[PDB]
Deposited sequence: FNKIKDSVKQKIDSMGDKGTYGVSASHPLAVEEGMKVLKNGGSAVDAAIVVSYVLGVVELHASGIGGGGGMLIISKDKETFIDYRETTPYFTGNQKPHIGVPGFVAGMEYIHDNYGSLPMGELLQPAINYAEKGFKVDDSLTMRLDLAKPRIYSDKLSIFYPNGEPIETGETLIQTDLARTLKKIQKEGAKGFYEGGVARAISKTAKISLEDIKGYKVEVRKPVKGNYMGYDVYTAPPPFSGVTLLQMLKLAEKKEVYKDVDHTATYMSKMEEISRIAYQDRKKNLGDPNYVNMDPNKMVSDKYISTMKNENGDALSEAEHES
């Protein structure tokens, strides 16, 4: 004690994060808990069937963990456009290299919400209603009881998911990337077993720059820390903040700053990121 906090897109994820922190856990142990909770209670936006990236900045260490989905080998067309999920491998890697608490415990609060249920909020019921024309089928009946999106206030229980999470908790990453879960992914996604099994996380250096006196650390390619940092620095250079009170000016200049930086990003697809973000490189931009 010790100051600490969590910001996240669901109150149950914030709650579980704070729980780990309250009892003296590290930011990365809390991060694994929150990520897994979010895949259960905010299932539309993330989960074990996807991927993502994590920036870890401590007093004297910087890391960026990249657990984004990777393309499978596939010979005909199209197929379904599904990458090998990287999320579960990501949390494991992060845990093995930066975690303290034992992994089983980090999965437990998500298991509990999947197992015993949580109360659905506005955004989830709305997301389900908006997705119904695209995704609805009878396989999805727990999400649409009585053919309608589960209502705000109802308890959603996810027994299949709890089972999967328990398999991971017991076996580690093998529980997802091999065995029955992997055969289910293989059958649904049309991705070979060997592809699922071969998933690897990439570790990368953060893009380091500065903005407004701040050292800024951000996400390197294939993420877009560069574009963001560029936009930030252009905006500080040509202080559009002096136009903040005049809406059309403010907007007008943002619009400019944004095609400058998006154009730049694109002819970087059509090897050092720290260069593309320096006061001199930014100097040379328009």
{"item": "Sequence ranges absent from the coordinates, based on the deposited chain and numbered from 1", "value": "1-17, 288-293, 310-323"}
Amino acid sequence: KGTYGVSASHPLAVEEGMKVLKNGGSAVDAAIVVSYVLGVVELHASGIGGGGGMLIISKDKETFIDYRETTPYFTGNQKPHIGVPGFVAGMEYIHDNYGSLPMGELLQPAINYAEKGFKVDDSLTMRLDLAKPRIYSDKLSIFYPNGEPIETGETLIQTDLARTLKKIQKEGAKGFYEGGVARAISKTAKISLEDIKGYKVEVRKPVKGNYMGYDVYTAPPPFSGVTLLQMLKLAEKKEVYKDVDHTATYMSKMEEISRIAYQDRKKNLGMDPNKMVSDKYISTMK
From here on, numbers count along this sequence of modelled residues.
item	value
Per the entry, higher mean C-alpha B factor between 108-116 and 209-217	209-217
Stretch with the greater mean C-alpha B-factor as recorded in the entry, comparing 92-100 against 73-81	73-81
From 48, 31, 251, 55, residue of greatest CA B-factor	251
Selection by C-alpha B-factor (highest) of 65, 27, 40, 240	240
Entry-reported Cα temperature factor of residue 137, expressed as the chain third it lands in	middle
Among modelled residues of the same chain, the CA temperature factor third for residue 155	middle
Third of chain Cα B-factors occupied by residue 164	lowest
Residue 86 CA temperature factor, ranked by third within the chain	lowest
For residue 258, the third of its chain into which the C-alpha B factor falls	highest
